[PDB]
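What follows is a single structure, written as structure tokens, with notes after it.
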Amino acid sequence: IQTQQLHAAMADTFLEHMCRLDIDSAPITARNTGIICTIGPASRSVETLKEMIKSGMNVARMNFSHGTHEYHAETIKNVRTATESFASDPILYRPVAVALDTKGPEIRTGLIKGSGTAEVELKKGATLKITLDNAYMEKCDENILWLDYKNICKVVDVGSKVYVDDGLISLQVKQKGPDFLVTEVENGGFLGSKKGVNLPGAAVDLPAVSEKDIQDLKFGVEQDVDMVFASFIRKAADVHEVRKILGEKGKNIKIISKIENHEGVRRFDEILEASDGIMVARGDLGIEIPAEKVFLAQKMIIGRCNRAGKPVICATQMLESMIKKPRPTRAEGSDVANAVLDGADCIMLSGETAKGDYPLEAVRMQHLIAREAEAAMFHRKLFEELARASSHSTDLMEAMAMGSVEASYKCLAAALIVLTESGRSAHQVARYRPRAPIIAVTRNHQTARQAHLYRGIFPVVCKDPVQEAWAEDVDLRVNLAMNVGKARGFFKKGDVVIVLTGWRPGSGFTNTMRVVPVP
Amino acid sequence: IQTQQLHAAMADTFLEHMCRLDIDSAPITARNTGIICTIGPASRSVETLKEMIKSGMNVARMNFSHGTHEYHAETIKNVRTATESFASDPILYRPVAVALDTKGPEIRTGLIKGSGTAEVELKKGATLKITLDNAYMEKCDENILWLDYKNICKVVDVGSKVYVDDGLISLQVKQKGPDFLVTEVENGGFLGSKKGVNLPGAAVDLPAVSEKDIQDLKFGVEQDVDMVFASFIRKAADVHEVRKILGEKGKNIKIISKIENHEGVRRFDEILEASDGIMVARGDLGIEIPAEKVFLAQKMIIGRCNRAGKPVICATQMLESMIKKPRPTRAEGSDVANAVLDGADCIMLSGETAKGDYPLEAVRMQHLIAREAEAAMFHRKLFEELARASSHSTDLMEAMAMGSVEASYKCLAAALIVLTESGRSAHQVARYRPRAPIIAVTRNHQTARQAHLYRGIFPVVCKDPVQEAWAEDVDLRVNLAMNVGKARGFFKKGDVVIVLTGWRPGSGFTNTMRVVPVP
Amino acid sequence: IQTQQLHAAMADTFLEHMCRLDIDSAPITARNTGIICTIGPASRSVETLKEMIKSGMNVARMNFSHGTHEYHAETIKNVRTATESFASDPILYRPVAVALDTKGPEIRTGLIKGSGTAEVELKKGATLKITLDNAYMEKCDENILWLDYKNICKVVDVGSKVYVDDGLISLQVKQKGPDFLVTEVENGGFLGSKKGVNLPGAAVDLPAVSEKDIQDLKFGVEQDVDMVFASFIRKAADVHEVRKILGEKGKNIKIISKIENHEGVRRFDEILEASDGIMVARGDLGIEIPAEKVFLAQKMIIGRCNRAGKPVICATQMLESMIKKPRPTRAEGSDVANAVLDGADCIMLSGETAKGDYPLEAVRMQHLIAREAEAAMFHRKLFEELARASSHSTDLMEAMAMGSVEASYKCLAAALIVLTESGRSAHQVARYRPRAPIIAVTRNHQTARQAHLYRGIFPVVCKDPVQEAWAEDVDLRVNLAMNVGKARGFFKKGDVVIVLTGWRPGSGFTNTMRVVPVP
Ligand SMILES: [K+]
Ligand SMILES: [K+]
Ligand SMILES: [K+]
Ligand SMILES: [Mn+2]
Ligand SMILES: [Mn+2]
Ligand SMILES: [Mn+2]
């Protein structure tokens, strides 16, 4: 029984490829899919965080939908402390990106009575009066419910449905009002405090970038975050408004547009070009459009991102049950596998690691499945189709990338070492899905950090000062990579490896490729 | 925006196909994936069952892992009552298969103290003594645990792991014994009563067909079940032992081997040939082998079954969360979609409909997703690869099937009407995955019933007596199908439809195909 | 209107590719298909030869089926004189290979009366007596015909057919004899002197390597020919007998087995492995087997050679009519195009350049068509299928080759510069059919010369002494290539180019590849 599902790799057709998957075919050590973990109570701890890093964490997500700047400021402080605790050995140090998740134009209810279980009980068929009067802002009963969206009455006529708390509870507007709405509970349940509200099929006129959002964004720039996950991007315009706030200083912060509404899906393409990467926000998306259609959008978005060479993230409830159990459900297990198979650059945990009882177990599980799923990819067809997809381009780096991935498949290289400062060279190699890991060695820390956004890139930060002789500085970097790999168990002395470097210091792209043995 | 994801159907590549999926492309009314619902407390009711049928139920699963013959006898009685309640109109009557799920060579614990919450609490690190003494059979403490597997000590040495309750709780044998084992709780939790036990990597010497199993099987034959889902089939031999018990009388009961252990996966092929269909028992499978590998086995088994033309079922925890909530999680939604996309003939609910609070909602959800996912298939490539896969065969019915599916894709037929008595003709048409529904009209009830096992076949039972003139009897049957379709909303007058019939009464296969308009 | 038929290159299917061919899409300057010209009266002249070289000649074929060693000795002398006349400028000097074509186990008639038009007239239905008596060796009438095959009577029974002069004339053995045969003229015609004779379906017992052949072979070694086109190779054994005569000295002379009989086709594979390259000797082949089947053998042999990475030649009557006219027939035009499209490494002229009235025009015509046809190839599918074909191999140079060709397609490189001494590296790159020209720079002259055998390789001989510093010696060679290309009009300053070099002097293969701009 070969390994890395290679027997299936040799398949002519998909059905064949599929038929040849072997549960006894061991995957390699490198896990190419990036793992984004949302930090919170269950993971705030520096010690916990250190354990997260060791378990596979690559990006720490700060969800500004809750918490105060003071809060996140410390969260970020801890992840950095945790990260740098390994900063010792440059060979074992693993960069960890910091991402700020916008609390975009979203609707939420107020606080519940308090002594009513902090959770009322809407009965299937009961009447519920929605109010905009800030008085009941923190006193929500089974009859009174306050929400922060003031113009709610300016866009919802009688009959329309208003969902609350991850669409689990639905309400039908029975009667309109000036600053209130009386509705009928359709889906019963126990309403929580300050839960999310969805107005599917409704021109919600909240601003792409709210006032709070501008503050949060500025905050992120000052706190040097590596990327922004912009919530509810519904058009290229929104992305631009966001990029603007980040301004000249936040200039290098990668913007990841989140697709969570029907318009965003409908106007995906312009949003894609305007953005640096995309996130399939399955959560709100599953409420704004029929749940049974979310998979369509996912595969379409991942597909189109893969084609465009832009990072894409699959997010929300992937390992949901693990918030309370140490093992995920069969559906959750397959969900992760398929996202990787779909082509997602990164998978995410949020809740499973933010406030669940098994943050570490959840991270480990994603790491395990990804590896397993990655080997299961149909690399040959993938590469071929990816190639046809971009045939109109004749970019030199692209050519280098494709030539390298090709070569790597052919001699089954142990890895591809790419020396890059902007990261472009490595991104490009990742675009064409090699099977082996891509060790990108850079002296730029933010590059190393943002690199996680790309499938297969395993960043390494060279901390040695530039050597006088270019040739030497290159060997220096290449050797660092050779060690990281040997240490990380990616390959041992003797294995073959592809190496991409520049021609002169500060080259435009890695124009040089060579097959080399591991020292 | 076309429908049935047809724009994507026109794709040249997968990435393209993927990129073209449209959430606004409406699927057709017919849902080709069979839905198997496990019956229990939450669904025992004849009235509930009638509602299940209307919601999409196609096969009622009786799980003999629990309950008494008296119990199941009544369950079966009710589903039949519920079914026949529609027996009135032959146009609206929907056949419903009865399946018996074996309680194979499985290990279970005994009953818990009772006043201890009927659930003890094993603490992470605590010591737990496993006992075989039938005295504690119904008195299991946090220190005493009884299990029904007597030879457990004859196959588990010190150090080995023993999982309990869907592998959520793990234990490590610290010390051996004659009829007992002292272990250390690794994964804490609240042990329930009579929970399943897994000895991954352990030659469990329980018999393929136990003594109780022989009784249950005989019972099923006398109760005229349509199929048997044989648990823990680990080799072709086991299937044969099973087929034997069913004997001459149970001769036509389709045997569905369940793959739940590592050996069954490893010896899949012989098991496949020996069996009529297969079930991917994700539950035990996810405990016997690493969870992160279950997807590999699923796709491999579905792939190989599709190739072999034998029915395959995807089962366990697909819509798990719906046991308590009215809406499934994003992962569960995608899990179902992917199983359909994987090629599974049938999807299953067990727990979601056996004892959960939303049996109907769960059935409806599967029905919705399947439709959605079915349109999303890459039919062209699928058909092509399926064809290459079986090119060595030159079977006449196969040729007819392929010719028909081909024709159907080309003129976008509304459906394929197949007159069959054994069902072979329709099975064969289903083998080559047409996009449209396959209306199989038969006078044989058990055929109609078992037909659900196949993707796309929508059985119709002709209850009119055989007509004197073959030509007439054919039009009779064809017209019935034409009505069912018109009634069920599959097509209206004018639409095109492919019709496969025999040449003489009692033909070997439907050798005649013709494009006809809907009257 | 793009160029190089690139719009068609982008095609998904063949029908598409085909449909997109554009007569207004200009091909590039480099002509990848090697052109082999048979030298004779019409081309013996050093001045004519110089003109041949300028017109495209790459290999000069010496046909030992006629002429004396003294003759060929001078022919070879002249081609060399002609070649070296350009030896001046190493940038414009074009290597020209010398090939010796064996006069294998072939049958020929004697001389005709003389005053009978040096051509008798066999009438359809007349009787003709074949004789082995050396007396009529130079006195052949319409009744008497002598042939050099002594054992002709030991393998041809009454009824069998004996063809004469390119099968244009057929005869049926009416009666047997001891040293004679009386036959009936079936196909009338004007018999010439010393014409070829074919005994299709007859165990002709002539030796693979005749006595004269051993002399001719030894002669070729002493005259340092680059390759031997071995006539009538009917099995691997024959090739070996040939390689043996060439012995230790002729050790590096490439042996090209000629497939001209039914056995050679039937035992092709062993012949292929035993040989260095193959020649589709359409001439005799079209007489030994039905003419209407020759195309089958051609495509099969070219196909299998392409797959094996061994040079294949398409030969005989490609531009036949041009022996007397300045323009070829429509069929001849397409014949050449298709041979190139078939995948033939080299096309040949023999007669068109040996004794026709338009040697130069014929060479120019092949050159024109090849270019045109080369652009018309379906490179993408070709590369993909070529890759699948050899997937079992994991050769490092192969990987480099494939990676490079891939890269070259992607950025539409102007050419691939390969520094090689044995030629292996360049051969390998040619194996995977890049679209651009392959400039192989070598210091080995015989390598440069034999390189023509491979599609796309444009040899360049570095005549500068090895430089002290490897790095320098490499740039030296690379720069030479850069100049040849600029001079030859293959590319100008700025264009992109792929460069393959070794890692240390005398490397095993070019393990280094880099995209570089033309200085
Ligand atoms: K948020
Ligand atoms: K069972
Ligand atoms: K010859
Ligand atoms: Mn959101
Ligand atoms: Mn089971
Ligand atoms: Mn010949």
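Count begins at 1; order follows the chain as displayed.
Keep in mind that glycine also has a Cβ here, set from the backbone N, Cα and C atoms.
For the substrate site, Swiss-Prot lists C:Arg61, C:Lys258, C:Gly283, C:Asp284; matching the candidates C:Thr29, C:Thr33, C:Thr316 against that entry yields C:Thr316. ATP binds C:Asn63, C:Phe64, C:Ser65, C:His66, C:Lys195 as Swiss-Prot records it, and from the list C:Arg20, C:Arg108, C:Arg234 the residue named for this site is C:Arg108. Summary of the site annotation: Swiss-Prot records L-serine binding at C:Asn58, C:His452. Screening the candidates C:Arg94, C:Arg488, C:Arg504, C:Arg514 against this entry identifies C:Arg94 as the one listed for that site. Swiss-Prot lists C:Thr420, C:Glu421, C:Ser422, C:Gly423, C:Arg424, C:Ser425, C:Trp470, C:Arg504, C:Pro505, C:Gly506, C:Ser507, C:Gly508, C:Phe509 as binding beta-D-fructose 1,6-bisphosphate, and of C:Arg433, C:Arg477 the one it places in that same site is C:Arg477. A Cα-Cα distance of 43 Å separates C:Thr102 (K(+) binding site) from C:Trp470 (beta-D-fructose 1,6-bisphosphate binding site). C:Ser115 (phosphoserine) is 28 Å away from C:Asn63 (K(+) binding site) when you measure Cα to Cα. Proximity to ligand 6 (Cβ under 6 Å from any of its atoms) holds for none of the recorded positions C:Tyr163, C:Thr316, C:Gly506. C:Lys154 (SUMO1 cross-link) falls within a helical segment according to DSSP.
Taking every pair among C:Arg61, C:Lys258, C:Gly283, C:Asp284, C:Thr316, the residues recorded as binding substrate, the greatest CA to CA distance is 17 Å. Of all residue pairs in C:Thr420, C:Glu421, C:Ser422, C:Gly423, C:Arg424, C:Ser425, C:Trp470, C:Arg477, C:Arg504, C:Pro505, C:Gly506, C:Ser507, C:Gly508, C:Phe509, the annotated binders of beta-D-fructose 1,6-bisphosphate, the farthest apart have Cα atoms separated by 20 Å. For C:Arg94 (L-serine binding site) paired with C:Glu260 (Mg(2+) binding site), the C-alpha to C-alpha distance reads 31 Å. Same-chain neighbours of the substrate site beyond C:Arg61, C:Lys258, C:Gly283, C:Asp284, C:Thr316, judged by a C-beta within 8 angstroms of the site's C-beta center, are, in sequence order, C:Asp101, C:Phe229, C:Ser231, C:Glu260, C:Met279, C:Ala281, C:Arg282, C:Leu285, C:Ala315, C:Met348, C:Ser350. The L-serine site, placed at the center of the C-beta atoms of C:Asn58, C:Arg94, C:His452, has further neighbours from the same chain whose C-beta lies within 8 angstroms: C:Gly34, C:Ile35, C:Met57, C:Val59, C:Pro95, C:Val96, C:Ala97, C:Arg449, C:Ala451, C:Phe458, C:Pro459. Between the CA atoms of C:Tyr93 (phosphotyrosine) and C:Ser422 (beta-D-fructose 1,6-bisphosphate binding site) there is a gap of 20 Å.
Taking the Cα of C:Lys310 (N6-succinyllysine) as the reference point, the closest of the recorded positions C:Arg61, C:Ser85, C:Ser88, C:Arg108, C:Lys154 is C:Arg61. Closest to C:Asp284 (substrate binding site) in space, going by CA atoms and restricting to the recorded positions C:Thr29, C:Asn58, C:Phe64, C:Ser65, C:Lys154, is C:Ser65.
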